[PDB]
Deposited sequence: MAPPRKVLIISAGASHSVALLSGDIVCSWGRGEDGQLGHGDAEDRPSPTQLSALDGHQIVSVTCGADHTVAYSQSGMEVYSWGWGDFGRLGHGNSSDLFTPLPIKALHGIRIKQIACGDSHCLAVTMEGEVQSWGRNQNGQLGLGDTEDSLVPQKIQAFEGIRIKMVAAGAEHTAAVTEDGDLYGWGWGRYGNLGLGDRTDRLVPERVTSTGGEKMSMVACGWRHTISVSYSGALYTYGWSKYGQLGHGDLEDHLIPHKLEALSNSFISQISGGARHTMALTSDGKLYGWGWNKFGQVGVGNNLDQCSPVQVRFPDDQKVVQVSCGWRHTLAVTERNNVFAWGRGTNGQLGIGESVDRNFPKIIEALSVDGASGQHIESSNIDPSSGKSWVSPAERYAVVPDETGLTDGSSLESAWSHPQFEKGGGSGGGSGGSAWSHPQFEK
């Protein structure tokens, strides 16, 4: 009996999953250390991350070229991969090819980790938020633009219990337990939801939410998605690739409700670099946005500016979805895992280096059918040899 897949996460060019028995596996691009196997090799099939066996890992999250995992029992957070700007949180900017504990987070009750492209945030059980990494557009919410190589508390949230956060390329969004929506960081293309093009160095409340309380949020390179207590889905930011999903390519500087999904109750959302996924209460998966590599999953390579249901064998319901930069992963009710989109580095996990534009089952995970440092000269600027 295959282990149940508990968590899937997609990065820029890699994929990570957590299986029952707290087994972590990882696949796709490995040249930056993001797979955590102690080498710089790509992996075309899901590969067990042995260094975390027995650590009671309960959560995994992909950034772009880095990965974070944490253990609630061990009260330990681990990070690895590309380390520039302090995104790994260890007080330096060094690459890591094996997981290392984030010492600053030891013994802290962590409820969630969000990984932007070059910054990370942790939400505690008490609803506080700590952030680290790149801060050039204020995306750490610390009130400056200095990068932080270690986690730092967002003081602006004191007295405000945070339910969850999400991180894009250079911006961050959050929802409170009370249902308030917040945005900060890079705001040039409207993706903060505040009505202007100005960045924010601290969290700023979205004052125009249609009068609804927001339950969830997710981010991409230039867009943001939120879901209301009613189950209504809102998108905002840039839509050159149709990632806002409103039928046009128009900008939106404030949250804009996606009318074509008012039929449905949205239970989960995920944001890719330029595409978007929404999971209904029924287990229907809708995707839209950038589709050059097939990452919308609807059988072609044309961008989609309106939601299109992603189809699965026997219409099995989807229970989890995760977008990367250029690929998408999903878990179904039958404990099957599917992947689609760009696969050049093996990140679809089907033993290939090819793109796919409709969902493809990851046989290794589905019921149905070592060194901390690698010298850059072995993994960068290597002349092709033959």
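Self-check item: Regions of the deposited sequence not represented in the model
Solution: Those parts of the chain that were deposited but carry no coordinates are 1-2, 372-386, 404-443.
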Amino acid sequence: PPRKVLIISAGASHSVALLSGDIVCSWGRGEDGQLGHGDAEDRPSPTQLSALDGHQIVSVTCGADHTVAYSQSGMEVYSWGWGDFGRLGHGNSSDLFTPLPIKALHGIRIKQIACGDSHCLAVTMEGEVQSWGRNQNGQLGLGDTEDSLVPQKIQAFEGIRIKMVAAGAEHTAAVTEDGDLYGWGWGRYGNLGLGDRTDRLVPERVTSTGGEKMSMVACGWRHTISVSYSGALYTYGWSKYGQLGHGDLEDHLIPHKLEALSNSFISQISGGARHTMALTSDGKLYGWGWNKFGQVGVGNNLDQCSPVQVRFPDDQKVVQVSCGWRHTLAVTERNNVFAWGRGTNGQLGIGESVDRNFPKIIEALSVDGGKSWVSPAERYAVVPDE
From here on, numbers count along this sequence of modelled residues.
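Quiz prompt | Stretch with the greater mean C-alpha B-factor as recorded in the entry, comparing 138-146 against 201-209 | solution = For C-alpha atoms only, the mean B-factor is higher in 201-209.
Quiz item: Higher mean Cα B-factor in the deposited model: 148-156 or 254-262?
Solution: Between 254-262 and 148-156, it is 254-262 that shows the higher mean C-alpha B-factor.
Quiz item: From 327, 317, 43, 37, can you pick the one with the highest C-alpha B factor in the entry?
Solution: Out of 327, 317, 43, 37, the record gives the largest C-alpha B-factor to 317.
Self-check item: Of the residues 183, 91, 179, 81, the one carrying the largest Cα B-factor as recorded
Solution: Checking the PDB record, the top C-alpha B-factor among 183, 91, 179, 81 is at 179.
Quiz item: residue 306: which third of its chain by C-alpha temperature factor?
Solution: Highest third - that is where residue 306 ends up once the chain's C-alpha B-factors are sorted.
Quiz item: Would the CA B-factor of residue 295 place it in the lowest, middle or highest third of its chain?
Solution: Middle third by C-alpha B-factor.
Quiz item: Which third of the chain does residue 27 land in by C-alpha B-factor: lowest, middle or highest?
Solution: Lowest third - that is where residue 27 ends up once the chain's C-alpha B-factors are sorted.
Practice problem: Check where residue 9 lands among this chain's C-alpha B-factors and tell me if it's the lowest, middle or highest third. | Solution: Tercile = lowest for this residue's CA B-factor.
Practice problem: Sort the modelled residues of this chain by their C-alpha B factor and say whether residue 55 lands in the lowest, middle or highest third. | Solution: Tercile = lowest for this residue's CA B-factor.
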